[PDB]
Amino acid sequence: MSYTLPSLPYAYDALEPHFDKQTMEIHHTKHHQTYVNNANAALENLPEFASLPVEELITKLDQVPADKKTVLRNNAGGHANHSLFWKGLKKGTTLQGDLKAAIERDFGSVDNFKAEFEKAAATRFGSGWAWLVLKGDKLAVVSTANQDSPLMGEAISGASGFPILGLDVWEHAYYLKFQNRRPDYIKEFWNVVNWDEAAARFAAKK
């Protein structure tokens, strides 16, 4: 009830040849759906939380009943992260404008940022996410475990900041095409990171 699997900005094959259509379909119809379903299941008993946007719910995980924290952290996190991820994917964009300049300001150069992002994405051990976040006035690359989001805050996720964009580095995001070669997937991410959406999120939050 509370959450719905969001309508994608695109068909499953829209990120070809970079992100494989089989994975995008499963990622949405199976993995994301499951996060929505399991978050919804957990929120049935929590009407005072079920109304929150998922992105707000995950900032309030410390307010949930103890026995709800993990399931919603994982599944509302998964829902939030995947919802962001899809909107954060698009071919044909160019990093530009204020976001490019902020990246250049905060990382020294786009290449420095990319290397830092790639390093975070590659070094995330196990499942998780690499993020470009905005922490007040400064962009940062952080990473989170599993479906943790920086929106969850430091205490829960070990990261914080508003996610400008993120890269799913769960193996389900890349295994079918890339298998263990997560760096290749990370490189491909640069071809599909939706800088227009990242720029819009930066514009909203900067």
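So that there is no doubt, residue numbering starts at 1 and follows the sequence shown.
**Asked** Of the two stretches 109 to 117 and 77 to 85, which shows the higher Cα B-factor on average in the entry?
**Response** So the stretch with the higher mean C-alpha B-factor is 109 to 117.
**Asked** Mean C-alpha B-factor higher for 29 to 37, or for 59 to 67?
**Response** According to the PDB entry, the answer is 59 to 67.
**Request:** Go through 72, 99, 132, 122 one by one and give the residue whose Cα B-factor in the PDB entry is largest.
**Result:** Most elevated C-alpha B-factor of the set, per the entry: 122.
**residue 51 CA temperature factor, ranked by third within the chain** = Its C-alpha B-factor, which the entry lists for residue 51, ranks in the highest third among residues of this chain.
**Request:** State the tercile, meaning the lowest, middle or highest third, of residue 156 with respect to the CA B-factors recorded for its chain.
**Result:** Top third by C-alpha B-factor.
**Message:** Is residue 148 in the lowest, middle or highest third of its chain when residues are ranked by C-alpha B-factor?
**Reply:** According to the entry, residue 148 has a C-alpha B-factor in the chain's middle third.
**Asked** Taking the C-alpha B-factors as the PDB entry records them, is residue 197 in the lowest, middle or highest third of its chain?
**Response** Its C-alpha B-factor belongs to the lowest third of this chain's values.
**Asked** Among the chain's modelled residues, which third holds the C-alpha B-factor of residue 10?
**Response** Its C-alpha B-factor, which the entry lists for residue 10, ranks in the highest third among residues of this chain.
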